[PDB]
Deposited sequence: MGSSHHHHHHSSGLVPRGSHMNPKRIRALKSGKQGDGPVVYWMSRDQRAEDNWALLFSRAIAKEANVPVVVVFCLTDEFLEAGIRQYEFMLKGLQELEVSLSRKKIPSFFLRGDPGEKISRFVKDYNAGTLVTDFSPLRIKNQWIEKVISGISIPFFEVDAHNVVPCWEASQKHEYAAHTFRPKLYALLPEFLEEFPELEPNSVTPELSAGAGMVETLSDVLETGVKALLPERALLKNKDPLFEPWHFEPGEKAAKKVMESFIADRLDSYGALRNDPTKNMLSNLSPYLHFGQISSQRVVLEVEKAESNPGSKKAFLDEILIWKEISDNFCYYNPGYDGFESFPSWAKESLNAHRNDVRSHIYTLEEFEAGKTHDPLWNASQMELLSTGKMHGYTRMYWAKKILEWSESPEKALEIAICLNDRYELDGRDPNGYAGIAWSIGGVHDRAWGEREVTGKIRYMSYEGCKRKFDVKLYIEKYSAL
């Protein structure tokens, strides 16, 4: 498709056709940012060769109703910042509301677009939208992987069983795809109020707000400032203050020593490639650098590999054969406790460590990476069936996590409950051969009282 610093393997054609005379439309979805965006850079390079301008279109679907206000505000406030950023470079943005399959097909014809570009996402509803758009448009339709360092269809062509199998593949293509980003060139040609979409959506999600007894909201929105500018500040402080002690205190929820980048990385407000570019150049603890790189490279992109090659990524059928056989044999085992969704949601279990994990999820919208395993694994231990446990874990994960509705969530829940990307362990009642995690093992690794007293 042309360009000096542009790798042609990051782009693949979804539909071939005669390139129109109008501008190039970039259908923004996952990577909501202006800097370090391959999809936005590829749309500008195409527009430069065709002597056309580049426009951005964002379709606001009804998916914000299944979520909550904490995710809707975090996204809308970032889109307000992105509008001024793109407007500074003479790039206009259009914000549509409704079905992307019907709205973007109408936008391409109404605006007489010449080439449509979109970003990559392995989720089901994105592939369903792209198929409906292809059937209604007559212009070329391209797809760019701007989220992963190595494109998903390039790192592997099949489902990866474990990380130590996917690890040598990723690090082998790293010297080719780890490159610096060129600056976005402003538009030479210039061819819906976000404040109203914010107030309308908030009033519709007000009854579903998570409250306390005194009708006070549980969400604390001052923990993570949304936007592209704030996301870069979280990156800088992590590499300057937290990266040294990461490899030693990454599993201690009493110490705020993780990167805290998952809410920004989910909405695409910060590029993981930019994070790797800056972490690699830093001089820090070599063990901590290798530990953080293994999280943002393999485990982040193997989760995209999981959902892209397993369409039932949120179902029991995606589990390995050994895990399904073990879970099916222990279906009739008597459970120590049985809790419904409402009891798991409000945090009314006998385990104070589990309840404290749920309060962190409800109050801050981001539960610590270590306690998320204890949170999900105990849901499987105290549920009717593995299907209900998978249902409850996915529901609370997508409802209250700021990084929810993300491939890392479904892969992480499939790891905790279904042993995906994991191996078998000692045979137990109810759980079977799935990895076990107890309250006593957490007491030997960190001060469990400080974590419980912090969140009641």
Revision key, fill the gap. Counting from 1 along the deposited sequence, the ranges with no C-alpha atoms are 1-15, 207-215, 481-482
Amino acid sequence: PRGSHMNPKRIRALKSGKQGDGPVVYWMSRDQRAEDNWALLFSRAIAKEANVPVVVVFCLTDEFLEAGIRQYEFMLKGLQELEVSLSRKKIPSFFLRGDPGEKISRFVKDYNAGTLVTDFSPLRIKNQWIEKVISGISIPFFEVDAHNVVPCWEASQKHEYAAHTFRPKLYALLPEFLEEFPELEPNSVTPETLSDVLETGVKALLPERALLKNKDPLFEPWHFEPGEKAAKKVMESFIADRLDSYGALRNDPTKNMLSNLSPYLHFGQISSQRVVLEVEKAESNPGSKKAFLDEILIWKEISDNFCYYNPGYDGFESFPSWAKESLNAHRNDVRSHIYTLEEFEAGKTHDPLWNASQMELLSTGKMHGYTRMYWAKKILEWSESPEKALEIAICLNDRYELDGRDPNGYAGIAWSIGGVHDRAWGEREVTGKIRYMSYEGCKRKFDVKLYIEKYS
From here on, numbers count along this sequence of modelled residues.
Exercise for review: Return whichever of 68-76 and 104-112 has the greater mean Cα B factor according to the PDB record.
Suggested key: 104-112
Review point. Higher mean Cα B-factor in the deposited model: 170-178 or 117-125?
Key: 170-178
Exercise for review: Return the residue from 338, 323, 230, 240 that has the highest Cα B-factor in the entry.
Suggested key: 240
Review point. Which is it among 427, 36, 403, 62: the one with the largest CA B-factor in the entry?
Key: 62
Point to revise | Ranked C-alpha temperature factor of residue 249 among modelled chain residues, by third | key: middle
Check your understanding: According to the PDB entry, is the CA B factor of residue 11 in the bottom, middle or top third of its chain, that is, lowest, middle or highest?
Key -> middle
Check your understanding: If you rank the chain by CA B-factor, which third does residue 85 end up in: lowest, middle or highest?
Key -> highest
Exercise for review: Relative to the other modelled residues of the same chain, rank the CA B-factor of residue 386 and answer lowest, middle or highest third.
Suggested key: lowest
Exercise for review: Could you look up the Cα B-factor of residue 289 in the entry and say which third of the chain it sits in: lowest, middle or highest?
Suggested key: middle
